[PDB]
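A.B. asks: Residue numbers (the working numbering), protein chains in the order written: chain A, 1 to 1087; chain B, 10001 to 10131; chain C, 20001 to 20246.
Ideal Cβ placement from N, Cα and C applies to all residues, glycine included.
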Ligand SMILES: [Zn+2]
């Protein structure tokens, strides 16, 4: 067995038939990436990190989110729960077909009262639940728990929410609502129908044991019109041909379609949310040809990737994103460090080990030992240069981590800056009259050019100057510092000697060797360069302060060939070594600087320097030709991409000295709150290396004696691209950018920031959130998004470190001359924030469905036999600020007792003192400031007196207590319980007292009510007396026809929805069925 | 179907001439070595959330790093004395800060946690029944 | 964190006695995070080192110690017995040592009188081979500095203070720890920003008389930069019975 497409070998036909699916060929999974080479039999595959056996399989360590999740049940989010059950006689009881009886099934609960609630995904059959559910009980229950989650940590009442945080809680609730419906509809099977009312329609069938139990719920016209009821009037008003499947695709997969549009029970809000999510995912679609191109281009021309595939249209694999999103990601990754070296250690070390594994270069100090094997000294001569340099180089030690870490640090110039260790410099400054200090200087000057320290040249020059004190003098620029200032201390551009940048101030008669060393530094110091990498056309690029396709390098690179002279002094590093050795010869020749050497050592020093110069190393060749190639080969595959800052040789005026991250917008002036990146003396986090190890690695190195670069790099590139996770990191960058925009919008929604948000929820009361409050709110938002997308890694963690009230991100550094480069990624739109603003839009009009009431309440006795439903009061019972004869009370409400029979009095807002009677207008704040003292003076007056108070609510949750309208009822118990339980930090649900409708005549008993709303909040009421011909006493309500537009309205297009004002039920849904194949490739060697 | 959750949420046909692949090749860089190194480089980056507020409002800082990192370097390079160190370098990096559990989001000291502070500030205003 | 108390703190017995209820701290609970430190040998080294040096130098040196940074001495025998140990069991030789010296020590000759090896040993000094080498005349400030930076320190004498002393060679060639976020022990320091001293106990009432001298000297010079915290503050931060000790 074998696949003639990818040329893989298979064992069983049930394996071949499941393998061809990854190429797209049908027949009659666990793998996430499938690669196969062509010069050998060794396929490589990856699996998730919960794969429970990596049996010859690799792993995805990336915390990849889950973007594609499917739903098979219907797509509504609004139940219709019966509140007061009922049973009525009926004429027609069932249907008959020659011998049979089919029971009538109604689409809606036949009860005396039915109203809408909000239970997200109550009929969903999901393969991976987001777990961000918003489950709401019926109004007769207590829904106060939905509004005391975020910042109600210590409220005394176990039930009761803080009124100052309703807006924050509602915003989090809407976020959960949107974030729990982010699914993608399935394409479950159908079934031809022949019911006498639905002729020849094709009805969807939910997956499960039995499916006919859902037809009555889904298709309201399925029920006929057998009885005289409100439901039967509704069904007789509906139209009939809008039922079942509506339209299906032309592409078919066997005998079933690819997608369909079907009429069924749903809501416009959820269908719109899922349509927007589907559009967002579809915009990220990618092509196997493009994956082929991107990998072939990342490989730098050593191997060629090929991924064949069959022609299909229903294939989804979202991986395309924007440079703006990837830059915002990289900015958050840079915030994460925060001067913590533990976070940056493993990156550099692991990259160093990877370089050591995939590099052809080998290092043995036996080259140095062999070349020094012949130099020896005569007895009775106790000073040996060869022995000294051997003992100081330590060729026996074989730890060269400094070399590879110095290489890996070139990619991370902006976060970490590598410097040569302090203990590598000569002791006490050193002296030119000392052989050990001479060799120390040699090692140091030969190792300096490989560090990203911005001021290496000044350190080299001043090392030699410090050694040269007493024999040569250079001019000083102030009276404080001297020529013997330690060379460690020159670590910032403001310390560069003014005689270093202008050579002409070093007189050749007074400091000849210092002038020579200066000229050598200025002329032959290595020149920076830059090389291309990655594939910006498919993957994009995360570069911030560089163009999106270049990779800065502190040295020069050339095209690679192994047939290079091992000693050409046109190479930067080899010429540097030759120049340093020549200068040390010039220092040692005349013995002008070593008075005290009785023995003549010119010949020995010159011999050892000639041997060190004409050495047989290939490390310079490597660093010039093959090191940049493999750096560019590794770069696009790293978890934390390269974050560089420009390399400048000696241009002091444009040396980077500070990297900072901004969090506020540009047209604002706030507290200057610098990020923690700006507190480093260097540009990044300092890192010390070993000059001895760097010099030994740079001075002894060779290739294998049978190297063939094509074979070598093909074999080194296959396993490490077979273990790539760029495609997971791209999706994670998507999610990070979305979360950033969402947090910005929501936090501006409550705090005070210049960012425009359109302010859709301003009537819900709340407070001006401070730094701590906004930070805890953002923590809730963060953890919610993590839970919804199944993430365990960081996300928005660095943004929560002090004042999360942000407006936008930006990163910038500043040159020595004061210029700054400010980079501000243009953050694109975010589907999550757009959907949250849409759901706030729908909430503003239909808030009752979530258990909220708008306006305020009016406490005061009302006794009568009327049945006017306190959630919809008549006009004469409500008064406002414009009503004549009303008193308004501010915070300054002081009570004074009446003496000797005079009534007590309270202070009006206008200073007047008034008795306890009439119409008052409280803010809720007064009663909440002191509920204790207030409901000892007012209770006896509100209960049996003439007082009538209007507490200014704003938003308030409510609870319903249905009573029998044919018996006595008195709501004083509920009213007094509410008033007593209110507290300075919480309020319980406002208890109302609603009568019960009836389809027949009833008696009338006196009812006494003490709380009534001030505007129509009875909007969640769906229908009353559903199974009777009409309602004769009580609040009347028929089926809301405007929520069934496409059924009851003849001239309504099938896709028309009046979304902002009313959420339609029975919409048009589109059902999909995609394939998500793995990433397959066929690496081919290059001749 | 039914993908499991992985984080705690809110709750004639004959053998043909070509098919013959047994042996005769051993890669030059080494598949196993390159795969192990690639894994170690593939590990994602550490999460530094000390100083950020938890879900109840208290800053969840741990409440040093250079020494810990150089010790990890020594352990990972298998030598008692590290060679690529992060502390005691030549630079006087004496103004550098870091995230700490000692500082809340209001720029204030974190000695009494924010939950306790809010509880006390609210308890200092409550009343009771009259006798 | 680190806290200093006027008492000889030990990791064995001071947990049994506590010392924190002693000074008046309400640490009593399942605390198990206030880990003590061994300062017995440090007090003994201080006493032995005041015998030769001067009290001001010794105390002002020992005050700059980072007790939360593990380190250790290890003393070398003198040059003669050192070379005898280089020779016998020669596979321990550091590579710094001279090529000629190694090539001559690798020989099985009696070494009764090697005319050149005598010169090679005469011109050999210990200071160049082992880099951090304290001294016979260290003038101890560099001792505490080297203990602060590094893991192992090389001494040629016994008068040292700050950490334990380990042997280099076998006994023939001579004459006759985890952290817990609330480390405590005597001998305050000002190495870090988190070193604190527990106030509330007068100086004239300290009974050890070496801890007493140390506290007087350090508190009369570093008064303005020490972090004082009372027993109540320590309590808030945290949250063979001997007779004749009351
Ligand atoms: Zn295949």
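Go to residue 688(A), then tell me how far its alpha helix (DSSP H) extends in each direction, as first and last residue.
C.D. replies: Reading the first chain from its first residue, position 688 is the one you call residue 688(A). Not the alpha helix (DSSP H): residue 688(A) falls in the beta strand (DSSP E), residues 685 to 689.
A.B. asks: Quick one: what's got a C-beta closer than 8 Å to residue 947(A)'s C-beta in the same chain, skipping five residues either side?
C.D. replies: Stepping through the first chain from its first residue, residue 947(A) is reached at position 947. Answer for residue 947(A): 860, 916, 917, 918, 920, 938 and 941, listed in chain order.
A.B. asks: First and last residue of the beta strand (DSSP E) that includes residue 247(A)?
C.D. replies: By 1-based counting over the first chain, the position of residue 247(A) is 247. Counting along the chain, the beta strand (DSSP E) containing residue 247(A) begins and ends at 244 to 248.
A.B. asks: What does residue 10104(B) reach in chain C if we use C-beta pairs closer than 8 Å?
C.D. replies: As a working mapping, residue 10104(B) is identified with position 104 in the second chain. Under the 8 Å cutoff, chain C gives no residues; its nearest Cβ is about 17 Å from residue 10104(B).
A.B. asks: Relative to the alpha-carbon of residue 1043(A), which residue among 167(A), 1034(A) and 1021(A) has its alpha-carbon at the smallest distance?
C.D. replies: Counting from 1 along the first chain, the entry for residue 1043(A) is found at position 1043. Of the listed residues, the one whose Cα sits closest to residue 1043(A) is 1021(A).
A.B. asks: Determine, using beta carbons only, whether residue 528(A) and residue 647(A) come nearer to each other than 7 Å.
C.D. replies: Counting from one through the first chain, the residue named residue 528(A) turns up at place 528. Counting from one through the first chain, the residue named residue 647(A) turns up at place 647. Against a cut-off of 7 Å, the Cβ pair of residue 647(A) and residue 528(A) comes out as a contact.
A.B. asks: Closer than 8 Å, Cβ to any Cβ of chain A: which residues of the segment 20082 to 20102 of chain C, in chain order?
C.D. replies: Result list: 20095, 20096, 20097, 20098, 20099 and 20100.
A.B. asks: In terms of residues, what are the limits of the alpha helix (DSSP H) holding residue 385(A)?
C.D. replies: As a working note, residue 385(A) is residue 385 in the first chain. From DSSP, the alpha helix (DSSP H) with residue 385(A) extends over 385 to 393.
A.B. asks: Excluding five sequence neighbours on each side, which residues of the same chain lie with their C-beta closer than 7 Å to the C-beta of residue 457(A)?
C.D. replies: Your numbering for residue 457(A) matches position 457 in the first chain. Answer for residue 457(A): 521, 525 and 650, listed in chain order.
A.B. asks: Is there a Cβ from chain B that is less than 7 Å from the Cβ of residue 20149(C)?
C.D. replies: The residue labelled residue 20149(C) in the question sits at position 149 within the third chain. So, interface residue.
A.B. asks: Check the C-beta distance from residue 1071(A) over to residue 260(A) and give it rounded, since I have them as a contact under 8 Å.
C.D. replies: Indexing the first chain from 1 puts residue 1071(A) at position 1071. Indexing the first chain from 1 puts residue 260(A) at position 260. At roughly 5 Å, the Cβ-Cβ gap stays under 8 Å, so residue 1071(A) and residue 260(A) are in contact.
A.B. asks: Any idea what DSSP makes of residue 824(A), helix, strand or coil?
C.D. replies: Position 824 of the first chain holds residue 824(A). Coil.
A.B. asks: Going by the DSSP bridge assignment, what does residue 574(A) pair with across the sheet?
C.D. replies: As a working note, residue 574(A) is residue 574 in the first chain. Residue 574(A) is not bridged to any residue.
A.B. asks: Indicate the three-state DSSP secondary structure (helix, strand or coil) for residue 763(A) in the structure shown.
C.D. replies: Within the first chain, residue 763(A) is the residue found at index 763, counting from 1. Looking at residue 763(A) - three-state DSSP - the assignment turns out to be coil, as it is neither helix nor strand.
A.B. asks: Taking 7 Å as the cut-off, decide whether the C-beta atoms of residue 154(A) and residue 10119(B) are in contact.
C.D. replies: For the purposes of this step, residue 154(A) is taken as residue 154 along the first chain, with counting starting at 1. For the purposes of this step, residue 10119(B) is taken as residue 119 along the second chain, with counting starting at 1. In contact: residue 154(A) and residue 10119(B) (Cβ atoms closer than 7 Å).
A.B. asks: Got a sec: is the Cβ-Cβ distance from residue 371(A) to anything in chain C below 7 Å?
C.D. replies: The count along the first chain starts at 1 and reaches residue 371(A) at position 371. Answer no: the Cβ-Cβ gap between residue 371(A) and chain C never drops below 7 Å.
A.B. asks: Could you pull out every residue in the same chain whose Cβ sits closer than 6 Å to the Cβ of residue 43(A), ignoring the five residues on either side in sequence?
C.D. replies: As a position in the first chain, residue 43(A) is number 43, starting the count at 1. 36.
A.B. asks: Less than 7 Å separating the beta-carbons of residue 405(A) and residue 322(A)?
C.D. replies: Reading the first chain from its first residue, position 405 is the one you call residue 405(A). Reading the first chain from its first residue, position 322 is the one you call residue 322(A). No, these two residues do not count as a Cβ contact at 7 Å.
A.B. asks: Give the C-beta separation of residue 1047(A) and residue 1074(A) to the nearest angstrom, bearing in mind that I take them to be a contact with Cβ-Cβ under 8 Å.
C.D. replies: Locating residue 1047(A) in the first chain gives position 1047, counting from the first residue. Locating residue 1074(A) in the first chain gives position 1074, counting from the first residue. The Cβ separation is near 31 Å, so there is no contact.
A.B. asks: Name the DSSP beta bridge partners of residue 1071(A), please?
C.D. replies: Here residue 1071(A) is taken as the residue at index 1071 of the first chain, counted from 1. Answer is 260(A), bridged to residue 1071(A).
A.B. asks: Going by beta carbon distance, what residues of the same chain come within less than 6 Å of residue 244(A), once the five residues before and after it are set aside?
C.D. replies: Taking the first chain and counting its residues from 1, one reaches residue 244(A) at position 244. Closer than 6 Å at Cβ, skipping near neighbours: 201, 202 and 203.
A.B. asks: What is the DSSP secondary structure of residue 20115(C), counted as helix, strand or coil?
C.D. replies: The residue given as residue 20115(C) occupies position 115 in the third chain. The answer is helix: DSSP assigns residue 20115(C) an H, G or I state.
A.B. asks: Given that a residue counts as buried once 16 or more other Cβ atoms are within 10 Å of its Cβ, and exposed if not, what is residue 684(A)?
C.D. replies: The residue labelled residue 684(A) in the question sits at position 684 within the first chain. Counting Cβ neighbours within 10 Å, residue 684(A) comes out buried, since at least 16 surround it.
A.B. asks: Could you check what DSSP says for residue 31(A) in three-state terms: helix, strand or coil?
C.D. replies: Here residue 31(A) is taken as the residue at index 31 of the first chain, counted from 1. Three-state result, residue 31(A): coil.
A.B. asks: Do residue 429(A) and residue 645(A) come within 7 Å of each other at the CB atom, strictly closer than that value?
C.D. replies: Reading the first chain from its first residue, position 645 is the one you call residue 645(A). Reading the first chain from its first residue, position 429 is the one you call residue 429(A). Their beta carbons are not under 7 Å apart, which means residue 645(A) does not touch residue 429(A) by this criterion.
A.B. asks: Anyone know if the C-beta pair for residue 10052(B) and residue 674(A) falls short of 7 Å?
C.D. replies: Numbered from its first residue, the second chain carries residue 10052(B) at position 52. Numbered from its first residue, the first chain carries residue 674(A) at position 674. No, these two residues do not count as a Cβ contact at 7 Å.
A.B. asks: Report the option in 75(A), 813(A), 129(A) and 432(A) whose CA atom is closest to the CA atom of residue 10010(B).
C.D. replies: Numbered from 1 along the second chain, position 10 holds the residue referred to as residue 10010(B). Nearest of 75(A), 813(A), 129(A) and 432(A) to residue 10010(B), Cα basis: 129(A).
A.B. asks: Any chance you could list the residues with Cβ under 7 Å from a heavy atom of ligand 1, keeping chain order?
C.D. replies: Residues with a Cβ closer than 7 Å to any heavy atom of ligand 1, in chain order: 3(A), 5(A), 6(A), 8(A), 19(A), 20(A), 22(A) and 23(A).
A.B. asks: If we cut at 7 Å on Cβ distances, does residue 20031(C) have a partner in chain A?
C.D. replies: Numbered from 1 along the third chain, position 31 holds the residue referred to as residue 20031(C). By this cut-off, residue 20031(C) is not an interface position.
A.B. asks: Give a yes or no on contact between the segment 10099 to 10108 of chain B and the segment 10053 to 10063 of chain B, applying the rule of three or more CB pairs nearer than 8 Å.
C.D. replies: Touching, yes.
A.B. asks: On the three-state DSSP scale, how would you describe residue 893(A)?
C.D. replies: To locate residue 893(A), count along the first chain from 1; it is residue 893. Reduced to three states, the DSSP call for residue 893(A) is coil.
A.B. asks: Residue 608(A) lies in the alpha helix (DSSP H); which residues open and close that run?
C.D. replies: By 1-based counting over the first chain, the position of residue 608(A) is 608. From DSSP, the alpha helix (DSSP H) with residue 608(A) extends over 602 to 613.
A.B. asks: Look up residue 10008(B) in the DSSP assignment and say whether it is helix, strand or coil.
C.D. replies: Numbered from 1 along the second chain, position 8 holds the residue referred to as residue 10008(B). Residue 10008(B): coil per DSSP, three-state reduction.
A.B. asks: In chain order, what residues of the same chain lie with their CB nearer than 6 Å to the CB of residue 269(A), ignoring the 5 residues before and after it?
C.D. replies: As a first step, residue 269(A) is located in the first chain; it is residue number 269 there, counting from the start. These residues qualify, in order along the chain: 842 and 1063.
A.B. asks: Taking 8 Å as the cut-off, does the segment 839 to 856 of chain A touch the segment 562 to 575 of chain A (at least 3 CB pairs, one atom from each stretch)?
C.D. replies: No, they do not touch.
A.B. asks: For residue 10047(B), decide whether its Cβ has a neighbour in chain A, counting only Cβ atoms nearer than 7 Å.
C.D. replies: Along the second chain, one-based indexing puts residue 10047(B) at 47. Yes, its Cβ sits closer than 7 Å to a Cβ of chain A.
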